[PDB]
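Shown next, in structure tokens, is the structure this report addresses.
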Amino acid sequence: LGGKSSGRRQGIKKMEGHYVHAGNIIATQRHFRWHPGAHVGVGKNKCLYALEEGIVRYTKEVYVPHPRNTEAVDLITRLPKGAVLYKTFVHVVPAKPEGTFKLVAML
Amino acid sequence: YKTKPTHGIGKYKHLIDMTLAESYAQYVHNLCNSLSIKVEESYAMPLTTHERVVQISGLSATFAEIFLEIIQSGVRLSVXXXXXXXXXXXXXXXX
Amino acid sequence: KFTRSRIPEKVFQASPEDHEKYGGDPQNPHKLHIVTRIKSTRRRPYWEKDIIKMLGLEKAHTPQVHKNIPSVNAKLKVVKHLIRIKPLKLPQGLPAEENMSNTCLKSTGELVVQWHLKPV
Amino acid sequence: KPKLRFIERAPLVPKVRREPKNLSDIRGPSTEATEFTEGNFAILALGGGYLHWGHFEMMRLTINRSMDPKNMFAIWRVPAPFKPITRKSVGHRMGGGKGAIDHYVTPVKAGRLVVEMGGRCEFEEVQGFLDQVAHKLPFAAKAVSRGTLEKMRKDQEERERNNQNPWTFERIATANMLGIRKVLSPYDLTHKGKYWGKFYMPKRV
Amino acid sequence: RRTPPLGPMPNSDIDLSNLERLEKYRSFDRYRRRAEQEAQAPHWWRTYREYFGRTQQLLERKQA
RNA sequence: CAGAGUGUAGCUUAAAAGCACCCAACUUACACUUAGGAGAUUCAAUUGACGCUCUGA
RNA sequence: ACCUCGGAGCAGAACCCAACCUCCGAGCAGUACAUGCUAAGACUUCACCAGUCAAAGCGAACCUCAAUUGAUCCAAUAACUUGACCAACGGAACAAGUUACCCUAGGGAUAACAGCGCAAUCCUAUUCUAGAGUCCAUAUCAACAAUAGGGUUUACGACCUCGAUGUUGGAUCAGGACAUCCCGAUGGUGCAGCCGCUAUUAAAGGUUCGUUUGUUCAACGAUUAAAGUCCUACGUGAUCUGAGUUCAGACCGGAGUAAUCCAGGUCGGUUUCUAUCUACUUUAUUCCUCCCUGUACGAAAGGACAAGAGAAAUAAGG
RNA sequence: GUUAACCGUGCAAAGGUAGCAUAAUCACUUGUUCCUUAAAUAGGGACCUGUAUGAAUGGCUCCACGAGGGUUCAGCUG
RNA sequence: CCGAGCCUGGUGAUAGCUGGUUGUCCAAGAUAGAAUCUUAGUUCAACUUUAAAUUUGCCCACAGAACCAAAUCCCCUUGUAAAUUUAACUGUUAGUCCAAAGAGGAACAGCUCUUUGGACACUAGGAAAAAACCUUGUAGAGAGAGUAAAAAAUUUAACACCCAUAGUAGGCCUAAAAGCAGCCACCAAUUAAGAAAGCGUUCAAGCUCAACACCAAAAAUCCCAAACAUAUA
Ligand SMILES: [Mg+2]
Ligand SMILES: [Mg+2]
Ligand SMILES: [Mg+2]
Ligand SMILES: [Mg+2]
Ligand SMILES: [Mg+2]
Ligand SMILES: [Mg+2]
Ligand SMILES: [Mg+2]
Ligand SMILES: [Mg+2]
Ligand SMILES: [Mg+2]
Ligand SMILES: [Mg+2]
Ligand SMILES: [Mg+2]
Ligand SMILES: [Mg+2]
Ligand SMILES: [Mg+2]
Ligand SMILES: [Mg+2]
Ligand SMILES: [Mg+2]
Ligand SMILES: [Mg+2]
Ligand SMILES: [Mg+2]
Ligand SMILES: [Mg+2]
Ligand SMILES: [Mg+2]
Ligand SMILES: [Mg+2]
């Protein structure tokens, strides 16, 4: 016997060049098929979401793990002396500027 | 992405008396490190007597000879069997 | 699994031999295509059905005139096995407002303006 | 020790995992053991097939029987029967899970050199028993020397170059002309014509 | 469809025949430095920067 | 004792740098880390004259 | 056997994707006790219900984990809250057998007979030369294997028929195939002769009666020239039988608390049709006797063919 | 353990006693043998792994009787 | 017509089951999934119809969509014309073969189960007859015209002639084992003949050979169009 689990419907919900508002989920995954980049967050599922209004872009950026997170550090240590890991990152490149000074009155 | 020219950019898996004796062992280890040889392991084996080990693998005859000479140049040695003298030490090889 | 087939780009490159065989020149390429539906959409994938309709190639053997450009050529490439294509080559000058009425596609794809049914 | 060693049925450490019959391991040209490695003669598999233990045994035996021992040697170039075949208990109905592993087999493709022979040679001498062996095998096979193989290859090349038929299969396939890729497989771009299933057509090109 | 890389891929030269001969960054700091250097360098794959971004005197000094 | 290549501390499409290196402490030891340590344009106005490497006698 | 949930393969590159397909597991733990309030904007197990993520703000500091769960109404609670292996896991508030004593509606959407597909199994023929055959692969057997063909078997499938098509045997009558059991004509022989074995060709003609037995079968008795292998809805119930066997009664053994069951046994147990239509309803074999002959052949034992003559038998027609 | 009287050992409530037995008695099953037949998966008589016999679920004899079910001598008869 | 009578009434009982549903003409119109005492049904979804409002819809091009093949997604131009939303609904929700990628099963099935794409359930022409292969779709009349798909090919096993002396019945091993039971060596005389490659010998012998000289079918009613190699694609 065994289990028949339903499809999980995970993956990218927003592709490069899409206009993504603050809060929109960008990509859902188990493990990191993509990582959070500029203005992109991570939920408890590892799901990536936009932190600002703007455009999604994908990039392959050098990956440095946090010192406190042990396993990654170990892996890094293991690598040979000219090696760099690299990983894919999702950014939102913000469109509308946060601020505009308007004239209230002439006092 | 697979079909993109940046395919395997993330790929990483493919890249990955007693006191005196102790001191001597340490020195030997250091020397090994310097000369670029695999130091596998070291032991703390049991008047009194005390033994120390420095397990080594892979070294060419000339280089090996040089290493031996340096080691020679106290206590004792034991690895052809190459013993010498000035607790105990035993640098077991695997050339 | 049967799929929407993508053709390698070396397939669409004319050799000197090819040029010799046919009429066209590599410099001064023809502006327009006469595209005719010679084969039925029935029994072909729905995307091919769509493409034909988008080109307006509904009546077989009735011809349409399409710009020769990358955009139009991509569609044409999709249904190339359903269609016959030939260059619209105008021996006389292209139709002015006086000669809009009198024209004739003919065979050999040439548009004509001086169309009198009397012989030479 | 120049003689065909024992190729025993099953692997000693067996596999409990039932492998789902991927027939692709028969189909197509052989990626692996195509070109000679220090045998001068061989048995060239022209068609794909699953070599049973019995076949292996036969091949071992016959060659041994006709092996000039001091002069000649013989190599195995197919591995031992590692693909498990499952068969249900006799006459039961469809369903109720997968069958039980009955035996093991070796996948072989067209192009694979099944057996190699080498040493002080007599062309005739080798051909006789190797041809017999080939005949015995469950696919179309050929007793083949190095030189002969080379010649064959050359001939094939010539054919490829020569043909006065303007339309090759390859051209029709890749260029998609007609709606013919609707009829063809996606493997009929890699194999082109030639290969139909386990079978192979040396003549057509 | 397998496209070849446009320029040279990273991690090409350092893998080599053998892994056990090399130095490896036993530390993190070195690795970090390397990463920084890489970042500073341009690359062909867009990437962050695309989308967002006397002798006498000496002697005297020494003496001092 | 006659020629050629030259000549930043171990080493560099460095220009007084960065890598290497040493001591102590943590370490069985190595490793990491933390404290410290030491080092250089061979010398006189691009030219000459001291030091090597190399080839002759 | 399974029925809920999760991970991996099938399903190789945005999701999605089945099977009584292949493989792992879960129905918990551990740390907290701001696992405080709220709230833009999204995702969503292809519906709904259930799930998920979450900026800012206000309050405070300075969650881990894959699955680890369950609706409503009802209960229990001052209230906050808490209630099912409701595990058939979208859950009926609480439900078992048996029925050859059975009934109704349906179904060829689902079986038994029959057909049909396939051919695993089965039967045959080639190829191959391992090995038996005092030697000698091919007089004769025949391993490992390979390449074809058949549709006797038991299956598998579920395509026609459930507003039925009557199911094992046997009688009657047979049409056909030959893959020849007999009767001819040949080739080989490990064929002297007699008897054989094997191979090619041949389907005119023929292919026994009994005991037992439901039976095909099987065994035995006597024969014979031979006592063929099969196909035709297991040829043929509007020609027959009904011995089995598809029901109602009954026993014996067993199973079951019991009704009642058993691919257990045994006694009994109604077989209906007046023919509308097609179709159809007067075209020689063989054994034995005698002679040859007690000749050929053989060392002897035994022991022939062909040619001839005579008697019979069956079949057909009088 | 010694076909086994007998021994060792366990479980049980009692441990199938007399009798009868290839039967109207799961199968193996044409059980084995004597009689019957030219020939007997039939019938009769014996034997017993009946692993599924058996005592008013009545067990075992046996006189008469039975359109009950089997076997048969003789005669007879299309 | 007794597993529980018959009659009347409740009773037009109830049926997810079967059967049946009657004037004309036109138009649009096909089977992603869910749960479910549920798979002979249902209710959501999906597809479908109508009436609205609308702005984008399909085709898509560079960029882009992890690590442990075919392709797809996204997608501006462009070819086109519609798609999204609102308002009302019913009905399909027991499917088949072909091509392709797989799975189970026999690498069986007109077998079973997914996915992608065709076709059919809707006319026609073809493939003999034909659902699912191929050509072909928008309609009617004509005693007009050009076309498409569209008609299977084969035919096969000869082969040499001559001449064969020696050291040598090599040794070692074998009762004997002479070119040929199995090993070691394989040397050499004349032009030229292997210390022998098949037979064959109890062992010898004789036959040769190597060498010189000479130069594809087989099944059960009765074969199955008739036929035909030759006047110009
Ligand atoms: Mg949803
Ligand atoms: Mg916050
Ligand atoms: Mg009864
Ligand atoms: Mg009763
Ligand atoms: Mg009924
Ligand atoms: Mg049916
Ligand atoms: Mg039907
Ligand atoms: Mg033999
Ligand atoms: Mg015959
Ligand atoms: Mg009757
Ligand atoms: Mg009848
Ligand atoms: Mg009676
Ligand atoms: Mg019995
Ligand atoms: Mg009788
Ligand atoms: Mg009693
Ligand atoms: Mg009475
Ligand atoms: Mg009603
Ligand atoms: Mg319509
Ligand atoms: Mg089917
Ligand atoms: Mg079906």
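Residue numbers start at 1 in each chain; chains themselves are named A, B, ... in the order of the structure tokens; ligands are numbered from 1 in the order shown.
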Problem set entry | 9 Å shell around ligand 1 using only C-alpha atoms (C1' of nucleotides) and all ligand atoms, listed as number ranges by chain | G: 44-47
With N, CA and C atoms (P, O5', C5', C4', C3', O3' and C1' of nucleotides) kept, could you save the residues just selected as a PDB file, in the first residue's frame?
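To be explicit, this is the file written out as out.pdb:
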ATOM      1  P     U G  44      -2.064  29.890  -6.523  1.00  0.00           P
ATOM      2  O5'   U G  44      -2.775  28.954  -5.447  1.00  0.00           O
ATOM      3  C5'   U G  44      -2.082  27.837  -4.865  1.00  0.00           C
ATOM      4  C4'   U G  44      -2.943  27.149  -3.829  1.00  0.00           C
ATOM      5  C3'   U G  44      -4.321  26.697  -4.282  1.00  0.00           C
ATOM      6  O3'   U G  44      -4.276  25.473  -5.008  1.00  0.00           O
ATOM      7  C1'   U G  44      -4.497  27.760  -2.177  1.00  0.00           C
ATOM      8  P     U G  45      -5.406  25.134  -6.091  1.00  0.00           P
ATOM      9  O5'   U G  45      -5.485  23.545  -6.035  1.00  0.00           O
ATOM     10  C5'   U G  45      -6.017  22.892  -4.873  1.00  0.00           C
ATOM     11  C4'   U G  45      -5.640  21.431  -4.867  1.00  0.00           C
ATOM     12  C3'   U G  45      -6.374  20.576  -3.844  1.00  0.00           C
ATOM     13  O3'   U G  45      -6.423  19.216  -4.271  1.00  0.00           O
ATOM     14  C1'   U G  45      -4.103  20.686  -3.254  1.00  0.00           C
ATOM     15  P     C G  46      -7.729  18.632  -4.994  1.00  0.00           P
ATOM     16  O5'   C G  46      -7.656  19.272  -6.453  1.00  0.00           O
ATOM     17  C5'   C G  46      -8.789  19.920  -7.066  1.00  0.00           C
ATOM     18  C4'   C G  46      -8.377  21.278  -7.575  1.00  0.00           C
ATOM     19  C3'   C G  46      -9.504  22.219  -8.006  1.00  0.00           C
ATOM     20  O3'   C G  46      -9.414  23.452  -7.295  1.00  0.00           O
ATOM     21  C1'   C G  46      -7.826  22.056  -9.701  1.00  0.00           C
ATOM     22  P     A G  47     -10.110  23.612  -5.859  1.00  0.00           P
ATOM     23  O5'   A G  47     -11.647  23.747  -6.235  1.00  0.00           O
ATOM     24  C5'   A G  47     -12.054  24.709  -7.212  1.00  0.00           C
ATOM     25  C4'   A G  47     -13.545  24.899  -7.156  1.00  0.00           C
ATOM     26  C3'   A G  47     -14.111  25.357  -5.818  1.00  0.00           C
ATOM     27  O3'   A G  47     -14.068  26.777  -5.716  1.00  0.00           O
ATOM     28  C1'   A G  47     -15.347  23.505  -6.614  1.00  0.00           C
TER      29        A G  47
END
For this session: Could you list the residues in chain D lying within 12 Å of chain I, using only C-alpha atoms (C1' of nucleotides), and format the result as a ChimeraX atom specification?
Result: /D:19-27,48-50,85-88,90-99,125,179-190,197-198
Problem set entry | 7 Å contacts from chain I to chain A using only C-alpha atoms (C1' of nucleotides), as a ChimeraX atom specification | /I:64-66,74
Expected file contents, prior selection, C-alpha atoms (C1' of nucleotides), as a PDB file, in the first residue's frame:
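Now in result-v1.pdb:
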ATOM      1  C1'   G I  64      14.203  35.359 -16.870  1.00  0.00           C
ATOM      2  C1'   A I  65      11.889  30.348 -14.308  1.00  0.00           C
ATOM      3  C1'   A I  66      18.013  25.088  -8.005  1.00  0.00           C
ATOM      4  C1'   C I  74       6.584  34.168 -18.796  1.00  0.00           C
TER       5        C I  74
END
For this session: Report as a list in words which protein, DNA and RNA residues come within 12 Å of ligand 4, using only C-alpha atoms (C1' of nucleotides) and all ligand atoms.
Result: residues 99, 100, 101, 102, 248, 249, 250, 259 and 260 of chain G; 3 of chain I
Please produce a file of the residues just selected, as a PDB file, in the first residue's frame, where the atoms kept are C-alpha atoms (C1' of nucleotides).
ATOM      1  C1'   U G  99     -32.142 -17.094   1.779  1.00  0.00           C
ATOM      2  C1'   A G 100     -31.500 -23.267  -3.760  1.00  0.00           C
ATOM      3  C1'   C G 101     -38.408 -21.013  -0.215  1.00  0.00           C
ATOM      4  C1'   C G 102     -37.414 -16.353  -2.499  1.00  0.00           C
ATOM      5  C1'   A G 248     -37.536 -26.497  -5.127  1.00  0.00           C
ATOM      6  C1'   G G 249     -37.504 -32.707  -0.930  1.00  0.00           C
ATOM      7  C1'   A G 250     -33.941 -35.341   1.630  1.00  0.00           C
ATOM      8  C1'   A G 259     -31.141 -19.552   9.831  1.00  0.00           C
ATOM      9  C1'   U G 260     -28.240 -21.759   6.857  1.00  0.00           C
TER      10        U G 260
ATOM     11  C1'   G I   3     -41.918 -17.470   2.790  1.00  0.00           C
TER      12        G I   3
END
For this session: Run DSSP on the backbone and grab whatever in chain A lands in helix (DSSP H, G or I); send it over as number ranges by chain.
Result: A: 70-78
Problem set entry | Counting only C-alpha atoms (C1' of nucleotides), the option among F:25, F:50, F:32, F:19 closest to chain E |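 Of the candidates, the smallest distance to chain E is held by F:32.
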Exercise. Excluding same-chain residues fewer than 6 positions from residue 45 (chain D), what lies within 9 Å of it counting only C-alpha atoms (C1' of nucleotides), as a PyMOL selection string?
Worked result: chain D and resi 108-114+134+137+139-143
Problem set entry | Nearby polymer residues, ligand 8, at most 12 Å, only C-alpha atoms (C1' of nucleotides) and all ligand atoms, as a PyMOL selection string | chain G and resi 130-137+142
May I have the residues within 6 Å of region 205-218 of chain G as a PDB file with N, CA, C and O atoms (P, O5', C5', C4', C3', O3' and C1' of nucleotides), in the first residue's frame, using only C-alpha atoms (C1' of nucleotides) and disregarding those fewer than 6 positions away in the same chain?
ATOM      1  P     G G 169     -19.077 -32.669 -24.117  1.00  0.00           P
ATOM      2  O5'   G G 169     -18.816 -34.235 -24.021  1.00  0.00           O
ATOM      3  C5'   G G 169     -19.791 -35.168 -24.499  1.00  0.00           C
ATOM      4  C4'   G G 169     -20.002 -36.256 -23.481  1.00  0.00           C
ATOM      5  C3'   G G 169     -20.787 -37.458 -23.983  1.00  0.00           C
ATOM      6  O3'   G G 169     -19.940 -38.379 -24.660  1.00  0.00           O
ATOM      7  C1'   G G 169     -21.890 -36.579 -22.119  1.00  0.00           C
ATOM      8  P     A G 226      -3.476 -54.093 -38.219  1.00  0.00           P
ATOM      9  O5'   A G 226      -4.234 -52.715 -37.961  1.00  0.00           O
ATOM     10  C5'   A G 226      -3.674 -51.477 -38.442  1.00  0.00           C
ATOM     11  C4'   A G 226      -4.681 -50.347 -38.388  1.00  0.00           C
ATOM     12  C3'   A G 226      -5.562 -50.279 -37.146  1.00  0.00           C
ATOM     13  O3'   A G 226      -4.881 -49.551 -36.123  1.00  0.00           O
ATOM     14  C1'   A G 226      -6.838 -49.848 -39.139  1.00  0.00           C
ATOM     15  P     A G 243     -31.606 -38.591 -15.737  1.00  0.00           P
ATOM     16  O5'   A G 243     -30.750 -39.772 -16.383  1.00  0.00           O
ATOM     17  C5'   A G 243     -30.406 -40.951 -15.627  1.00  0.00           C
ATOM     18  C4'   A G 243     -28.907 -41.156 -15.593  1.00  0.00           C
ATOM     19  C3'   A G 243     -28.091 -39.937 -15.175  1.00  0.00           C
ATOM     20  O3'   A G 243     -27.939 -40.001 -13.757  1.00  0.00           O
ATOM     21  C1'   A G 243     -27.286 -40.754 -17.257  1.00  0.00           C
ATOM     22  P     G G 244     -27.973 -38.675 -12.845  1.00  0.00           P
ATOM     23  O5'   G G 244     -26.484 -38.608 -12.286  1.00  0.00           O
ATOM     24  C5'   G G 244     -25.853 -37.352 -11.985  1.00  0.00           C
ATOM     25  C4'   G G 244     -24.864 -36.988 -13.065  1.00  0.00           C
ATOM     26  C3'   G G 244     -24.378 -35.551 -13.030  1.00  0.00           C
ATOM     27  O3'   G G 244     -23.364 -35.373 -12.048  1.00  0.00           O
ATOM     28  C1'   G G 244     -24.828 -36.233 -15.274  1.00  0.00           C
ATOM     29  P     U G 285     -11.833 -48.221 -56.239  1.00  0.00           P
ATOM     30  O5'   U G 285     -11.807 -49.540 -55.344  1.00  0.00           O
ATOM     31  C5'   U G 285     -10.687 -49.841 -54.491  1.00  0.00           C
ATOM     32  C4'   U G 285     -11.089 -49.828 -53.031  1.00  0.00           C
ATOM     33  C3'   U G 285     -10.317 -50.793 -52.148  1.00  0.00           C
ATOM     34  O3'   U G 285      -9.111 -50.181 -51.709  1.00  0.00           O
ATOM     35  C1'   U G 285     -12.624 -51.117 -51.793  1.00  0.00           C
TER      36        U G 285
ATOM     37  P     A H  39     -12.177 -62.670 -16.470  1.00  0.00           P
ATOM     38  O5'   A H  39     -12.191 -61.201 -17.085  1.00  0.00           O
ATOM     39  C5'   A H  39     -10.973 -60.513 -17.432  1.00  0.00           C
ATOM     40  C4'   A H  39     -11.280 -59.137 -17.977  1.00  0.00           C
ATOM     41  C3'   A H  39     -12.105 -58.240 -17.061  1.00  0.00           C
ATOM     42  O3'   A H  39     -11.213 -57.540 -16.201  1.00  0.00           O
ATOM     43  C1'   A H  39     -13.005 -58.206 -19.269  1.00  0.00           C
ATOM     44  P     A H  40     -11.682 -57.116 -14.737  1.00  0.00           P
ATOM     45  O5'   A H  40     -13.117 -56.480 -15.007  1.00  0.00           O
ATOM     46  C5'   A H  40     -13.269 -55.147 -15.535  1.00  0.00           C
ATOM     47  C4'   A H  40     -14.154 -54.354 -14.616  1.00  0.00           C
ATOM     48  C3'   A H  40     -13.620 -54.223 -13.188  1.00  0.00           C
ATOM     49  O3'   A H  40     -13.565 -52.881 -12.721  1.00  0.00           O
ATOM     50  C1'   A H  40     -15.828 -55.102 -13.182  1.00  0.00           C
ATOM     51  P     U H  41     -12.428 -52.450 -11.663  1.00  0.00           P
ATOM     52  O5'   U H  41     -12.583 -50.867 -11.594  1.00  0.00           O
ATOM     53  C5'   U H  41     -13.855 -50.245 -11.834  1.00  0.00           C
ATOM     54  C4'   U H  41     -13.939 -48.936 -11.094  1.00  0.00           C
ATOM     55  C3'   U H  41     -15.341 -48.489 -10.669  1.00  0.00           C
ATOM     56  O3'   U H  41     -15.438 -48.291  -9.259  1.00  0.00           O
ATOM     57  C1'   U H  41     -14.127 -46.709 -11.657  1.00  0.00           C
TER      58        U H  41
END
For this session: Could you please select, counting only C-alpha atoms, the residues of chain D within 6 Å of chain C and state them as a ChimeraX atom specification?
Result: /D:175,177-178
For this session: Kindly provide, as JSON, numbers by chain, all nucleotide and amino acid residues lying within 12 Å of ligand 12, counting only C-alpha atoms (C1' of nucleotides) and all ligand atoms.
Result: {"G": [267, 268, 269], "H": [67, 68, 69]}
Problem set entry | All residues having an atom within 12 Å of ligand 20 (only C-alpha atoms (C1' of nucleotides) and all ligand atoms) as a list in words | residues 109, 110, 157, 158 and 159 of chain G; 94, 95, 96, 109, 110, 111, 112 and 113 of chain I
Problem set entry | Selection as a PyMOL selection string: residues within 10 Å of ligand 17 by only C-alpha atoms (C1' of nucleotides) and all ligand atoms | chain I and resi 12-15
Exercise. Near residue 145 (chain G), within 10 Å and counting only C-alpha atoms (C1' of nucleotides), which residues show up once chain neighbours fewer than 3 positions away are dropped, as a VMD selection string?
Worked result: (chain D and resid 54 to 59 133 135 to 138) or (chain G and resid 128)
